[PDB]
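This report refers to the structure that appears directly beneath it.
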Amino acid sequence: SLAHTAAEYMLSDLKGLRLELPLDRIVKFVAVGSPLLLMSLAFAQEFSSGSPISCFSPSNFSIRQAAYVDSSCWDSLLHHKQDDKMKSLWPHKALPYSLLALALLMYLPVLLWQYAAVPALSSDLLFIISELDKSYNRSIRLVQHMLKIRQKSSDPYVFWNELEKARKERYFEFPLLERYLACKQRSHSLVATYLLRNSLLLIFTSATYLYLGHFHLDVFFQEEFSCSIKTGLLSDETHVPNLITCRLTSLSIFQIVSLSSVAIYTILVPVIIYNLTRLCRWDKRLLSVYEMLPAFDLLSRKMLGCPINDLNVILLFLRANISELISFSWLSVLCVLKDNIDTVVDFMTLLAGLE
Amino acid sequence: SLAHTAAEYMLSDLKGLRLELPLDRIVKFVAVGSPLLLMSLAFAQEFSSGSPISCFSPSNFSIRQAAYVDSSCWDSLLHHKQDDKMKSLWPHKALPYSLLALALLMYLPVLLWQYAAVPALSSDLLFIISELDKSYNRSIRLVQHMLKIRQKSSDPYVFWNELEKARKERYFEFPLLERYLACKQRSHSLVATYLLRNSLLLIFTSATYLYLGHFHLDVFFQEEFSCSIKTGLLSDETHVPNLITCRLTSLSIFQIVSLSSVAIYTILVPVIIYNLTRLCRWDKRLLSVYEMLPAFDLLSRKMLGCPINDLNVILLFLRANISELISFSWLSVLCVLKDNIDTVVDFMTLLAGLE
Amino acid sequence: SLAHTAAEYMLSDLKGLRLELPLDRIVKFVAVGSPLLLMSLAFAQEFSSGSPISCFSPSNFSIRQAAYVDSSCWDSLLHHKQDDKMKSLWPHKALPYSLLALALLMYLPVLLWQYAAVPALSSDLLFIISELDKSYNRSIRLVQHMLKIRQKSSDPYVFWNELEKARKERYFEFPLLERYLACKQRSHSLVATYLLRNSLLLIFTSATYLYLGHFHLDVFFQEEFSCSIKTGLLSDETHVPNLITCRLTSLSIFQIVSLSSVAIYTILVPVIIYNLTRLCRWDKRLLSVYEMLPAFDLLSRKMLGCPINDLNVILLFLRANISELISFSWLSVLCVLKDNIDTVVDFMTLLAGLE
Amino acid sequence: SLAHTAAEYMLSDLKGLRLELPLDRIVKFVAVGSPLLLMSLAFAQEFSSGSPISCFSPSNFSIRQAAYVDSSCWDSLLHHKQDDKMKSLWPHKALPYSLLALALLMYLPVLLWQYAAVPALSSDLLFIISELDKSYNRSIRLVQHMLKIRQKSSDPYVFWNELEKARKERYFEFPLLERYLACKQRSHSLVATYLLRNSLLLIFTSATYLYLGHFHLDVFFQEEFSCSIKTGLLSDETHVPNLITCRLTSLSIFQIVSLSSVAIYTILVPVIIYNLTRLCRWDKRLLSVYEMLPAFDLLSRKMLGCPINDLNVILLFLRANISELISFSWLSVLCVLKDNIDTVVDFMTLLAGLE
Amino acid sequence: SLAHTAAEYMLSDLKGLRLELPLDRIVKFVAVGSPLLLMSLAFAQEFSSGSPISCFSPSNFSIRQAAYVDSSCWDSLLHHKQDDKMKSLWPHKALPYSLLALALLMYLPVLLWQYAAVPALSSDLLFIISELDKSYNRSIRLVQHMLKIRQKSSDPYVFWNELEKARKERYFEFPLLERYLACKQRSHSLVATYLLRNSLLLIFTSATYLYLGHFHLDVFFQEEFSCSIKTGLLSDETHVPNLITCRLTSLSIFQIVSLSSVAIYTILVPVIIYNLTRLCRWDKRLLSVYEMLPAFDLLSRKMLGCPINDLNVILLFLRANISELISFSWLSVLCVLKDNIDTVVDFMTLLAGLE
């Protein structure tokens, strides 16, 4: 089948970064694979194939005349409905091609995404994660005299005064990283790609609804139609001028395909609108532990203005990648501190799990 | 066939972690592959294909007219039963679609298990295994000066009281792991995933039972039925008004498929019920050797109250991974100590196989 | 066809180990691949498909009526034998299902072996291989200097009184390994798995013989049979009441399949018998060199009593693992010393071959 | 289908460079795969196959006679058009072979580029990559002993008289690069084989247009034609001398293929035009940063005369390869410096991000 | 189809050596892939299959009789030509077997080339490349003290006679390589392999021409022939002795296959003759840079007498391998010295790019 190769041609499956969220992967996968699976189911061994149109030819006709009669009407599918207004039944013939066109249309935005924003996005993430795995090694050395001073002075002089100059001392200041984030905040060249990627899917889904409403839903319960042959040189012959009672046997496949097509997209739309609305608001679900880390505080300091910024997308892509192999450590272990108080424990934990 | 592609698209087969138990693997394997195999065998080269329904047209009818009369009832299987109550035989037509739907439904819970608990469980197991790896360089590099002093001493003062401060000194204690285990004990966000993963399978099995009971088991020994053609534009014709002796060809396939579908799930159900009840009790099969290791005592310490907690699942998954490459060592060799006595043997056994 | 997928799903082909004994692979590969390949060859392009059943309809019958006549008897195989005893010809339709069930039945015991004995066996072999790997560097250590005394002595007072002194001396002594071997000798947890693995194959081939004898071997030279159609709604019709001269065109493949299935298993049975009987005796084909080797003497030392012990299986699995990469060395070279005498040559050989 | 293997035989997918632009990749992929996709879709299971030509034989003729009549005219498609001027419909026969010829003609220029351009290009790129790599630690160290003068100086002394001889000091100068650039500026060898690669595509598009115009669009709305049989040994027979109403069953695929072929190439013309015109101008979009670096300033220095040189292609292929892993560094973070001023910020940024 | 497996069984695609020139690869590819592609096109889904021969049986005959008469002639192609001389038409039947034989014949020489010259050639290339690698740190590690004394010297004493003893000192000479080249120059054991490989292709092309001329080109415009059936047990039966108007269906494919086969080979022959004459002349396109390097001068020194020797072939195969990874260096960069003069540049360029 043609739809077999196209599967791995389209929806087939750096070295340390995930540039596609699981939700985006799922929606792309299902939205590309549903029409292909439907097309494969429609015209394969699951339902018996052969001549999908039958015409009740008169007994005087032999095999060749009946075959000519029934084979000259699919190319010219036309019902002369008397309920002499002509009505066409072309979707029955154009269904697979429309399915393939929908499959290509719903794949175009994926190419747009991988060709419009992937390189710069990867560059930003690689530079940021470099500046961020310097953090731990630049942290334990910076806070080591703190451990040996805690037993030599009181709490105000270890955690309220000794950090006044220790934290501000030039060991963990990263002016380059801060300036890069400040410059990238003002940029808007990357959110447009995300907006276009989701808007194309929305527009194509609406177009699919329009096509399925305007042309389908009319020839849905109609299974009998009358055709004609005498529209040429065969008009000068002695036979039936209007053919009688030609029936379509593949109506069940038509109905099932239409129902599944409408259902998959009426299910998919909420996921895409949620993915769109995700960028509408800022996220501070873990800022409580971020404002204390001397590097992750810079991320939490730049919370102002509208959330439609490149920094939002960079943060969203980094959060899913904050657990690769190195940050997949103490950072992920700082969950036990969930309820002055952090005078003791907050330091024994970080000085216990060194490496 | 499409079952071919679906096989390796659905049931197809970190880097040191086994996050699926073998029983769960076999359950998923059977419950996913059985309907696909049945639908493949039903419509393959094993049984000759052709027309699933045959009708006994009168001798006056031609080949094309007989093909029309036998093809106008395969999409409209309705029996005008006299034993004039009309009866429907649609399961014979909808069996493959039902099988495919069952195959998708049974694969649904695996996706939830893979998307809702795998990352958290992987992080948890990685952290616990990584710290527990350091417990080997703690019981014969710190306690090794035990028999080195036992010979030049007596029983109270070297083995009942001397072995009290070394067990309470800052080489034996792991505070971070104790607090981490205590915090993970209270959580209940992981056992829920297990509970829905099993209950969805149970509910789907019950739904399959209901579907096969209500619709099947009625058209099971009926192989002949009478249909009608004059229900439209064919009403004004001179031929038999009600068709005679139309027989279903693939009844044996239907019976075999139904019986196999019943048998597979009726033998499967006890496996899932046992898997569900495996979590309802605390496991202390090897606690006797666990209560002596410097860091293995903490896990053997915390079994209190109800056993429905993330700690139980974490221990269950760690048990299957306790023999990977480094705990696949002396720990697996403390099987000869199965019967004061630990004065010597438990010590040369430890210090003999260092590395 | 269906047979191709089952082949590489079922009979397809740590990192330095072997969990199957060498000849024990043929019994699995031939008993599992025979029903499957026989099914593949039963219905293939070579002996083309079509109508498995043919009947000589009267010339008055039409093509559709004759086709309905012979197509209503393929699924209702029942000879009306006058030699009115109703005899059934169901094997000609049940052969492929029987072959597939036999193929799955043959593969069940292999799954039992792979899921009931692999982990403990692998752990035991890994530990014992580590011990006998440590066994090598012993000759140079305390034995090389120790036979550098017969150039300053003769024999009776150096090599037969002082030779045992170093042999008794604690360098040629690992009580941990001795305890492990003694503990494993008493256990019987794995020999039962082997006994079940062999007995399942034996009982299953016995069941194959019973099924082939009771049910086949009767309809073997019968190629013509008579059927009936007027057994229902078609009884009230003017046609032949008992069909005449219906012949099965596929008799020959039935004979070849039965003969090949008999022959392969009667060839195979003695292999199972020998594999089962291999475990009932201790092996001493190379114990003479084993006794003099540093730590190989322990394994040959614990030979006593009835041989049905875990240690026998451990030895059977270890014997062919003695040539992996590092025991694939001098040990395999010690075949030249095959005929006081060990005064020099027995050590010049492996002082020449250090590394 | 034959079109399946050709796909991965032609259009299927060192070790660190990109020797082809993504837009050229899209152009080649579309231009090669479009005829193959059309050929596959033309004669696959999507549309029912069979006899492409059917005719209305007289009722007296038998089945074999009708088969001979409508099979002896398919290879001899010749309309005896009375509107006795015979017209031939051979494009309906030669469409697939023409598509295959177009596919081969599309692939020829790609082979030309891959064979007669890569050896001359690759070595130069590889050499220039390392020679430009040398720049990094030739900028920080070389201009390091400037801020050691800044704090102890003022006015233009430090950065406008003291920072003057270091510019031409013999660690800043790159004598080897200078002669190479001078020689490459006057070369014309490789710059003359890109025009060939694009002009072959342009001429082939023109030829495709000519064939589609001259040969098609004449038989576009014609579905019925008349042929003759009595043109040989069958002349002396009593039957119809001229066949009546021979109709082509596969017109719709003909129109679909023609429209797709014209539309795809009319889409593909402008992108090829832009690829051809890309080399007509010098690129100075971001030369501002380049003219400060020690080794990058030579490239921006030599932008003189006509743009049709080897240097244009060298720079074009170097720009796409400027972000592999090592130039994928600080070079990529000089986007913040986008608006004396270079007294500090340009160099605090430089020494902040060492590695 | 068999052509699908034959493609990768014959034409399917050390570790650093190229043992085949690109022209040789292209020639082998074309000459081995043309017959398989042609035979695949002949008998694929592109052209409708069925009965290659059709006959106009009299209307009195039944379908079975027509099938017999039209099937008893396909295996007995023999035209009863009255233009009573018997003419045969067997090439129409034997075309695919002949094409497969041609495909095997064209593949034959590649096996001889791979089995008669590969090992010695690989050994020679490995030895020569390994010896030539050490030639880098001998003109810049030894001659480096040439300009270092030139400035404190004059014209004759430092660069015309000082560069006369170091060039005959035990760092510039390679006697083993010189003797190896001298010994290999006399040998002719491998140029015979090249000559045989090319002559086999030429002979097979001539044989193909003879086969296409003698047997084809005669039955090329003939499509109708009369056969006879009454030549045996059927002769005593009242029907037509000699069949009327039996026509060949697949003449167009025959013509296309013959034309393509002749055309591609007349296109290909000049490439073979060019490959043959490439070895007739010594190659001195770039000796000007070979004649000053320490170890490369020995290559340039030995060009005397006839060029038919092992040295020519080993030089030809070395030239294409001169740019692998290490000679893919400065040697390839001596392209700027293309115009006493070598007083400076021929040393600054070398000591600039050390590594």
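Numbering, chain A: per Swiss-Prot, residues 2-14, 25-94, 99-354, 361-376 in sequence.
Per the header: electron microscopy, 4.2 Å.
Placed from the backbone N, Cα and C atoms, the Cβ positions cover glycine too.
For A:40-60 (among others), the entry in Swiss-Prot reads transmembrane segment.
Residues or ranges marked as N-linked glycosylation site by Swiss-Prot on the basis of sequence analysis: A:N71. Annotation for A:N71 (N-linked glycosylation site): no spatial neighbours, criterion Cβ-Cβ under 8 Å with sequence separation of six or more.
Counting same-chain residues at least six beyond the ends of the transmembrane segment (A:114-134), those with a Cβ under 8 angstroms from any Cβ of the stretch are 7, 11, 30, 39, 42-43, 46-47, 49-50, 205, 208-209, 211-212, 215-216, 219, 222-223, 272. Per Swiss-Prot, transmembrane segment is recorded for A:114-134 (among others).
Positions annotated as topological domain 'Cytoplasmic' by Swiss-Prot: A:135-215.
Listed by sequence, the residues of this chain that lie at least six past the ends of the transmembrane segment (A:216-236) yet keep a Cβ under 8 A from its Cβ atoms are 38, 42, 104, 106-107, 113, 117, 120-121, 124, 269-270, 273, 276-277, 280, 283-284, 287-288, 291. Per Swiss-Prot, transmembrane segment is recorded for A:216-236 (among others).
Residues annotated as topological domain 'Extracellular' in Swiss-Prot, with sequence analysis given as evidence: A:237-267.
The list of residues near the transmembrane segment (A:268-288) in space but at least 6 beyond its ends in sequence, with Cβ under 8 angstroms from a Cβ of it, reads 34, 37-38, 41-42, 45-46, 49, 53, 58, 106-107, 110, 114, 213, 216-217, 220, 223-224, 227, 231, 235. Feature annotation from Swiss-Prot assigns transmembrane segment to A:268-288 (among others).
Helix first, then strand, then coil: DSSP counts for the topological domain 'Cytoplasmic' (A:135-215) stand at 57 helix, 0 strand, 24 coil.
Beyond its flanks by at least six residues, the topological domain 'Extracellular' (A:237-267) meets 58, 63-67, 69, 80-81, 83-84, 87-92, 102, 104, 107 of its own chain at Cβ-Cβ distances under 8 Å. Taking H, G and I as helix, E and B as strand and the rest as coil, DSSP gives the topological domain 'Extracellular' (A:237-267) the counts 5 helix, 7 strand, 19 coil. A coil conformation is recorded for A:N71 (N-linked glycosylation site) in the three-state DSSP classification, outside any helix or strand.
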